[PDB]
*Asks:* 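One structure, pasted below without further comment.
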Amino acid sequence: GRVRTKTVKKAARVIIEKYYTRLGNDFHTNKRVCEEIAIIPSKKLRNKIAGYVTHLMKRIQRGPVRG
Amino acid sequence: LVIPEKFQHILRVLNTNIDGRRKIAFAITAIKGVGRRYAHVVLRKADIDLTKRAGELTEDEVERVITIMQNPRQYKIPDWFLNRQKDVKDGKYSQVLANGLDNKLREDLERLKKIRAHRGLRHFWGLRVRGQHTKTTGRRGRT
Amino acid sequence: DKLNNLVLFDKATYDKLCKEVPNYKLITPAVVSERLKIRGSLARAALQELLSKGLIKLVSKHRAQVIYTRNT
Amino acid sequence: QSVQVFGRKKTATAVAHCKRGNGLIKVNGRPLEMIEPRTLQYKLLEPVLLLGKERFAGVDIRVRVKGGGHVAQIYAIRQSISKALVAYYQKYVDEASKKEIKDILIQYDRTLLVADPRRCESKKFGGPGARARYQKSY
Amino acid sequence: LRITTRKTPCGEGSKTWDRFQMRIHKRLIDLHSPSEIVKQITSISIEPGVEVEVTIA
Amino acid sequence: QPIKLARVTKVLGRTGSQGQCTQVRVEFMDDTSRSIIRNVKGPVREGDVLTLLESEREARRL
Amino acid sequence: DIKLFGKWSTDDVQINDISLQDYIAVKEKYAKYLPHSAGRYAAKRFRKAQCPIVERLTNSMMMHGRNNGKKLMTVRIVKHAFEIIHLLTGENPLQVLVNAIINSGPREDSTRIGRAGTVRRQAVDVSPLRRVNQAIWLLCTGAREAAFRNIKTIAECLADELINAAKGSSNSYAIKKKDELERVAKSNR
RNA sequence: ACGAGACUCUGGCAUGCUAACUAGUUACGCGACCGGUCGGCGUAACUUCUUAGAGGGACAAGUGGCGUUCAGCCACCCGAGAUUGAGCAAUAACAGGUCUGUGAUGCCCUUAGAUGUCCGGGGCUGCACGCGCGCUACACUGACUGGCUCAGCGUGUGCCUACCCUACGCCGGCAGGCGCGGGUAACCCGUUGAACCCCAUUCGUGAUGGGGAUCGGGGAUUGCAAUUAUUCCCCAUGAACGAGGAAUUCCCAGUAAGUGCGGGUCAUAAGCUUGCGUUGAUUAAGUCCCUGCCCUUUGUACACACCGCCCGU
């Protein structure tokens, strides 16, 4: 099961709500910017939030995101 | 030495009849004490080729084997390698063939009951010698 | 149960055995034992003896798979 | 020269020292044609004759092995040989034939370059094995 | 160091065990110097739980 | 007992008391116009071809 | 060259099932000099068919709590009877192997079908993968029982069962099992 | 918001990096072949080859088919890795076991007539049988002369603690006597040379060699005290088992399974358990049957909650 929980989804939602311009286009840029401006204790969690940031931004190119 | 036709069914112990189908190093397992590695070692040091079969069992072979099984000191074999070391109730050192003389020694049930020994009473009822504890478990004997 | 097989040396290991194993195309101790009514143990022993005589072609040897084929 | 980059399978590993030598491949003082199981020699000559016995033109490859299990050493000794060939063929000589032989052995199988990450798991208590448990008492 | 201990004080229930593991990490520092200099460096309020064995040869 | 060809085009679902079979849609290659339903037993890949005794069989349908 | 064991040619096989070479393959590039590559196909799904079927054999006559963990013995015992079918039929063992896999491979089986009943069975089509699995299982069951307690050794009981299953002969235990499956498919429509 | 997740050790790529003299392969002869090959190793020695550090890496990130086009699911190329395994695990509760685990404890026998307590000489150490975890097998995919040779967690000389591992000479098949030493430890056994297998030996369908499972003697080391040779072996003893009814444990990847070594108990001790390696599948990537788990709807005269409530003679 690869369902992303509310922690990942909500942190990515807050990040894209807050630092929408600060984001990048590549996932590896996204994890670096996320680790710059977020107290994410561990590498795995910051990776997961970064990945959902990439997917949410991919969803941005075609329309709004509800949250 | 080598001869195609010497196959006989019976070896002489006390004029009784035995089996003679087994091969060499295994046809002399019909004796109570001879067999296992005892027969293997006597044939091994007998200075003969062991590829021979039951049919090539010569009378000279049997005679030499009988002589070697009479006394172990043919190749300086100690008595404990036989099933009977210094005997009980007599000061001998050898195993006796046939029946009625060796099996007389094995009956060991009354005299130990005279001294109220546990070994004699245990062998009196046919119980376990290795010491198998008996509480309820066991699937042999009555079913 | 009951062990009773041929242990006698007679006209069964040389005749009808040395005259029917060479003429067949597959030769195995089990095959020789089954097709020629002979004992598999003595089949192995005689096959080793005739290999020492040198009248077969050996591919490989094993405890249960000794591979022979006709050579002469 | 030491262009060795592991080459592994299970807990056993091989290091394929390579140099400009005679074209004879050695495995800790014994030729690859003679290994203790006497059964996996074809598994060892597979890479060389798959890519071509003509490739070795004066290259001395000594592989030193260490680990548990003979067959576990194999699939890594040959992996070490393939790694040493890759390192030699990447250091100076071209890549077109390198990519050709790489495609050929990659379609042949995958355990010539990339190691198997598998390993023996621990055993969990309350059972005879890691996943097997004792019989239920009625 | 592994110590696998049954959890229930009296044998009952499922066969359950704790696995207490003791990790002991050991470094060596061998320096070319008289031990008096190393002892001068030593008085630095060494961390508790770190034990020192002195080897001079 | 005529035998023709049939190849999978749609895995409709899993059937059976304990997941025994796959209700799958199969087309006949010799006709490439008919779709029938079969409770095929075993792992089935979308596009496999099998020789069959039956060309009209149907099973429990829902 | 990619000949099996370096002695049995691999550029001669003909499955003759129109489209089944993706589920029975000995020509495929995964087919190697030896049938030993350690278990890596069983992890995922539809990857089992990518196995070189020689490996599936050497692991299917590899069972019964007395053989598990003895795979080198299985590879020796398949070299045995490969070089024996090389002489018994005078042809490449791969041809008789594909004949056996194309005939012994079942088509119709009978299974319980329904959500509310338990009275009878219903005919079902056995997919190629399951058909080769159960055909090799019947072959190995016969080869075990044909040399079990018997004077006949391995590589000949297996050999006999393979040859009399490859030609379609019903004398084979595997072919009689196939006939039994077909008849129980007839008797449970 | 707690729980799940997240967390942490990690299994798995460090070819990049701090870096070993308790780690290790290659610049010249040590006993051999006109250039190749040694764990008594050659002068010279670089972190690739074992340990243990920091940072990195894997995210359904990339493509394709489905999807209320979403959450997600299924295939594919690269990649070491596209589900590595476990300890933590809720609110709330039990009349489930433990007063025979405890110097944590409640009227009765116990008020010194003290269910072991100083010393210590028997006791859960019994025989007719019912599917209680498991044990070696029924054989030729094999026990078997022996050839070759590959292991990983560990455990290890010490407070009323001899006894722990354990490199040779002599002897002794079997255990063991004295010594020069090796070990607080990757320095010592150790390169756990090991052990399963690598099939050259009688073996052929049996009572002999599958099956020591059923006899009496003897050397003897830790043990004042081996009486049911309890435990260290040598000879003889082949009973039963021809892979076994109905009901029926357990098992998806280095897994099941086969296989030996280690820790626990410990006079030196394992048919048990706990770890470790080694060898190592077709098992299906599904459904809820007949197994439990009570989630939603529903009925209730139950709420001590169906082991409820209750009617009548």
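No hydrogens, no waters, no symmetry mates; every other heavy atom, side chains included, goes into these values. Numbered from 1 within each chain, the chains take letters A, B, ... in sequence-line order.
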*Asks:* I'd like to know if D:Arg62 and D:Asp60 make a salt bridge, using a cut-off of under 4.0 Å between side-chain N and carboxylate O.
*Replies:*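 Here D:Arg62 pairs with D:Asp60 in a salt bridge, since their nearest N and O are under 4.0 Å apart.
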*Asks:* Test for a donor-acceptor pair under 3.5 Å between the base of H:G280 and the side chain of D:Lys10, counting only N and O atoms.
*Replies:*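 Looking at the base of H:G280, it does pair with a donor or acceptor on the side chain of D:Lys10 (distance under 3.5 Å).
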*Asks:* I'd like a table of atom pairs between the protein and nucleotides 48-51 of chain H - only N or O on both sides, under 3.5 Å - with the distance next to each one.
*Replies:*
from	atom 1	to	atom 2	distance (Å)
H:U48	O2'	D:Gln4	O	2.8
H:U48	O2	D:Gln4	OE1	2.6
H:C49	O2	D:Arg64	NH2	2.9

*Asks:* When you look at CG of E:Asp30, are more than 12 heavy atoms from neighbouring residues, nucleotides or ligands closer to it than 6.0 Å?
*Replies:*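 Check fails, neighbour count at 12 or below.
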*Asks:* What's touching nucleotides 94-98 of chain H from the protein side, N or O pairs under 3.5 Å?
*Replies:*
from	atom 1	to	atom 2	distance (Å)
H:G96	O2'	E:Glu12	OE2	3.4
H:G97	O4'	E:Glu12	OE2	3.1

*Asks:* Detail all sub-3.5 Å separations between protein N/O atoms and N/O atoms belonging to nucleotides 62-70 of chain H.
*Replies:*
none

*Asks:* Looking at the side chain of D:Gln135, which of H:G216, H:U249, H:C59 is the nearest nucleotide?
*Replies:*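 Nearest to the side chain of D:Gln135 among the choices is H:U249.
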*Asks:* Once you apply the 3.5 Å cut-off to both distances, tell me the Watson-Crick or G-U wobble partner of H:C174, or none.
*Replies:*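 The answer is none; no pair meets the criterion.
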*Asks:* Measure the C1'-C2'-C3'-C4' torsion in the sugar of H:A112, then label it north if positive and south if negative.
*Replies:*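 Negative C1'-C2'-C3'-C4' torsion, south pucker.
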*Asks:* Can you list the residues that meet the salt bridge (charged side-chain N to carboxylate O under 4.0 Å, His left out) rule with A:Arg32, with sequence neighbours excluded?
*Replies:*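 Counting only residues at least two positions away or on another chain, A:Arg32 forms a salt bridge (charged side-chain N to carboxylate O under 4.0 Å, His left out) with A:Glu35.
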*Asks:* Inspect the surroundings of NZ in D:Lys123 and state if more than 12 heavy atoms from other residues, nucleotides or ligands are less than 6.0 Å away.
*Replies:*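 Atom NZ in D:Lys123 is crowded, with more than 12 foreign heavy atoms closer than 6.0 Å.
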*Asks:* Report yes or no: is there a donor-acceptor pair, N or O only, under 3.5 Å between the side chain of A:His28 and the base of H:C59?
*Replies:*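 Answer no: no donor N or O sits under 3.5 Å from an acceptor.
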*Asks:* Strictly by Watson-Crick or wobble contacts shorter than 3.5 Å, is anything paired with H:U184, and which nucleotide is it?
*Replies:*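 For H:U184, the partner nucleotide comes out as none, under the 3.5 Å rule.
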*Asks:* Which label fits B:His40 and B:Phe26: parallel for a plane angle under 30°, tilted from 30 to 60°, or perpendicular past 60°?
*Replies:*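 B:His40 vs B:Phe26 ring planes: perpendicular.
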*Asks:* What is the pairing partner of H:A139, taking Watson-Crick or G-U wobble pairs with both distances under 3.5 Å in any strand?
*Replies:*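 Across all strands, not a single nucleotide pairs with H:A139.
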*Asks:* Any donor-acceptor pair under 3.5 Å between the side chain of C:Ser33 and the base of H:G204?
*Replies:*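 Looking at the base of H:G204, it does not pair with any donor or acceptor on the side chain of C:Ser33 (distance under 3.5 Å).
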*Asks:* Sign of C1'-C2'-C3'-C4' decides it: give me the sugar pucker of H:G5, north or south.
*Replies:*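 Torsion sign positive, so north.
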*Asks:* Please report, rounded to the nearest Å, how far the P atom of H:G216 is from the CG atom of B:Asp87.
*Replies:*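 Checked: the CG to P distance equals 14 Å.
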*Asks:* Measure from the side-chain heavy atoms of D:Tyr134 and tell me the nearest of H:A6, H:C199, H:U274.
*Replies:*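 Out of H:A6, H:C199, H:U274, the nucleotide with an atom closest to D:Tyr134's side chain is H:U274.
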*Asks:* Test: salt bridge (charged side-chain N to carboxylate O under 4.0 Å, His left out). Region: residues 130-143 of chain B. Which pairs qualify, not counting sequence neighbours?
*Replies:*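 Sorted pair list comes back empty.
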*Asks:* Considering residues at least two apart in sequence or located in another chain, which fulfil the side-chain contact (heavy atoms from CB on, under 4.5 Å) criterion with B:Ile115?
*Replies:*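 Once residues adjacent in sequence are excluded, the partners of B:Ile115 under the side-chain contact (heavy atoms from CB on, under 4.5 Å) criterion are B:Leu112, B:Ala117.
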*Asks:* Distances for protein N/O vs nucleotides 77-85 of chain H N/O pairs under 3.5 angstrom?
*Replies:*
from	atom 1	to	atom 2	distance (Å)
H:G85	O3'	D:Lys124	NZ	3.3
H:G85	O2'	D:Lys124	NZ	2.6

*Asks:* Applying the 3.5 Å rule to both hydrogen-bond distances, is there a Watson-Crick or wobble pair between H:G179 and H:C168?
*Replies:*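 Pair flag for H:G179 and H:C168 is true.
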*Asks:* For atom CZ of D:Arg119, is the number of surrounding heavy atoms from other residues, nucleotides or ligands below 6.0 Å larger than 12?
*Replies:*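 Check passes, neighbour count above 12.
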*Asks:* Sequence neighbours left out, what passes side-chain hydrogen bond (donor to acceptor under 3.5 Å, both in side chains) with G:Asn133? Give chain and number order.
*Replies:*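 G:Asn133 satisfies side-chain hydrogen bond (donor to acceptor under 3.5 Å, both in side chains) with G:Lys48 once adjacent residues are dropped.
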*Asks:* What string of B, S and - do you get for nucleotides 228-242 of chain H, 5' to 3', when a contact is any protein heavy atom under 4.0 Å?
*Replies:* BB-----BSSB---B
*Asks:* Among H:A284, H:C198, H:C133, which is the nearest nucleotide to the side chain of D:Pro37?
*Replies:*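 Comparing H:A284, H:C198, H:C133 against the side chain of D:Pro37, the answer is H:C198.
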*Asks:* Ignoring hydrogens and angles, does a donor from either the side chain of B:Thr137 or the base of H:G132 sit under 3.5 Å from an acceptor on the other?
*Replies:*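 Side chain to base: pair found, below 3.5 Å.
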*Asks:* Between atom NZ in G:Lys70 and atom P in H:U278, what is the gap in whole Å?
*Replies:*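 That distance rounds to 14 Å.
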*Asks:* Please write out each protein N/O paired with an N/O of nucleotides 181-188 of chain H under 3.5 Å, distance rounded to 0.1 Å.
*Replies:*
from	atom 1	to	atom 2	distance (Å)
H:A186	OP2	E:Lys26	NZ	3.4

*Asks:* Report, one line per pair, each donor and acceptor closer than 3.5 Å where one atom sits in a side chain of residues 145-158 of chain G; sequence neighbours left out.
*Replies:*
from	atom 1	to	atom 2	distance (Å)
G:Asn150	ND2	G:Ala146	O	3.3
G:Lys152	NZ	C:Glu34	OE1	2.9
G:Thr153	OG1	G:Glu156	OE1	3.2
G:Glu156	OE2	C:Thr28	OG1	3.4

*Asks:* Please determine whether a side-chain nitrogen of the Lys or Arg among B:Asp87 and B:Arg84 lies less than 4.0 Å from a carboxylate oxygen of the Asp or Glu.
*Replies:*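 Yes, B:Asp87 and B:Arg84 are salt-bridged.
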*Asks:* Would you say that more than 12 heavy atoms from the other residues, nucleotides or ligands in this model lie under 6.0 Å from the NZ of D:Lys124, or not?
*Replies:*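 Atom NZ in D:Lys124 is packed in, count exceeds 12.
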*Asks:* Out of H:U273, H:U25, H:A4, which has the shortest distance to the side chain of D:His17?
*Replies:*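 Nearest nucleotide to the side chain: H:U25.
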*Asks:* Pairing check on H:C252: which nucleotide meets the Watson-Crick or G-U wobble criteria with it, both distances under 3.5 Å?
*Replies:*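 WC or wobble partner does not exist here.
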*Asks:* Scan B:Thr134 against the nucleic acid and name what it touches under 4.0 Å (heavy atoms): base, sugar-phosphate only, or nothing.
*Replies:*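 Here B:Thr134 touches the bases of the nucleic acid.
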*Asks:* State, yes or no, whether a side-chain contact exists between B:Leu97 and B:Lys32 at a heavy-atom distance under 4.5 Å.
*Replies:*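 Side-chain contact under 4.5 Å: no.
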*Asks:* Among the nucleotides H:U208, H:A284, H:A200, which one has an atom lying closest to any side-chain atom of G:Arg130?
*Replies:*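 Closest of the options to the side chain of G:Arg130: H:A284.
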*Asks:* Are H:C198 and H:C199 stacked bases, their six-membered ring centres under 5.5 Å apart and their planes under 30 degrees apart?
*Replies:*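 No, H:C198 and H:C199 do not stack on each other.
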*Asks:* Taking the P atom in each of H:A139 and H:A229, what is the distance between them to the nearest angstrom?
*Replies:*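 Per the computed distance, 36 Å lies between those P atoms.
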*Asks:* For H:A23, give its Watson-Crick or G-U wobble partner with both distances under 3.5 Å, or none.
*Replies:*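 With both distances under 3.5 Å, H:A23 matches H:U47.
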*Asks:* So does G:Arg45 reach the base of H:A284 with its side chain, donor to acceptor, closer than 3.5 Å?
*Replies:*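 Yes.
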*Asks:* Examine the six-membered rings in the bases of H:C178 and H:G179 and report whether their centres are under 5.5 angstrom apart and their planes under 30 degrees.
*Replies:*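 As far as the 5.5 Å and 30° test goes, H:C178 stacks onto H:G179.
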*Asks:* Among H:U125, H:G204, H:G254, which nucleotide has an atom closest to any side-chain atom of C:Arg39?
*Replies:*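 Of H:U125, H:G204, H:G254, H:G204 is nearest to the side chain of C:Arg39.
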*Asks:* Is there stacking between H:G209 and H:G210, using centres under 5.5 angstrom and an angle under 30 degrees?
*Replies:*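 Judged by ring centres under 5.5 Å and planes under 30°, these neighbouring bases do not count as stacked.
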*Asks:* For nucleotides 34-38 of chain H, tabulate all protein N/O to nucleotide N/O atom pairs closer than 3.5 Å, reporting atom names and distance.
*Replies:*
from	atom 1	to	atom 2	distance (Å)
H:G36	OP1	D:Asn22	OD1	2.8
H:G36	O5'	D:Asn22	OD1	2.9
H:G36	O5'	D:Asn22	ND2	2.8
H:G36	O3'	D:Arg62	NH1	3.0
H:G36	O3'	D:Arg62	NH2	2.7
H:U37	OP2	D:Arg62	NH1	2.4
H:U37	OP2	D:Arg62	NH2	3.4
H:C38	OP1	D:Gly29	N	3.0

*Asks:* Using purine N1 to pyrimidine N3 plus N6-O4 or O6-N4 for Watson-Crick, or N1-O2 and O6-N3 for G-U wobble, both under 3.5 Å, which nucleotide pairs with H:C289?
*Replies:*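 Check on H:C289: unpaired, no WC or wobble geometry under 3.5 Å.
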*Asks:* If H:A225 has a Watson-Crick or G-U wobble mate with both distances under 3.5 Å, name it; if not, just say none.
*Replies:*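 Partner of H:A225: none found under 3.5 Å.
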*Asks:* Looking at the side chain of D:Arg38, which of H:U208, H:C198, H:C7 is the nearest nucleotide?
*Replies:*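 Given the options H:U208, H:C198, H:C7, the side chain of D:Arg38 is closest to H:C198.
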*Asks:* May I ask you to verify whether the side chain of C:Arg63 and the base of H:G142 hold a donor-acceptor pair under 3.5 Å?
*Replies:*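 Answer yes: a donor N or O sits under 3.5 Å from an acceptor.
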*Asks:* Is it true that D:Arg118 and D:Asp116 make a salt bridge, defined as a side-chain N closer than 4.0 Å to a carboxylate O?
*Replies:*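 Counted as a salt bridge, because a side-chain N and a carboxylate O are separated by less than 4.0 Å.
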*Asks:* Using only heavy-atom distances, decide whether a donor-acceptor pair under 3.5 angstrom links the side-chain of D:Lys9 to the base of H:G254.
*Replies:*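 Such a pair is found, so the answer is yes.
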*Asks:* Heavy atoms from C-beta onward define the side chain here; which of H:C289, H:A256, H:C7 lies closest to that of F:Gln18?
*Replies:*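 From the listed options, H:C289 comes nearest.
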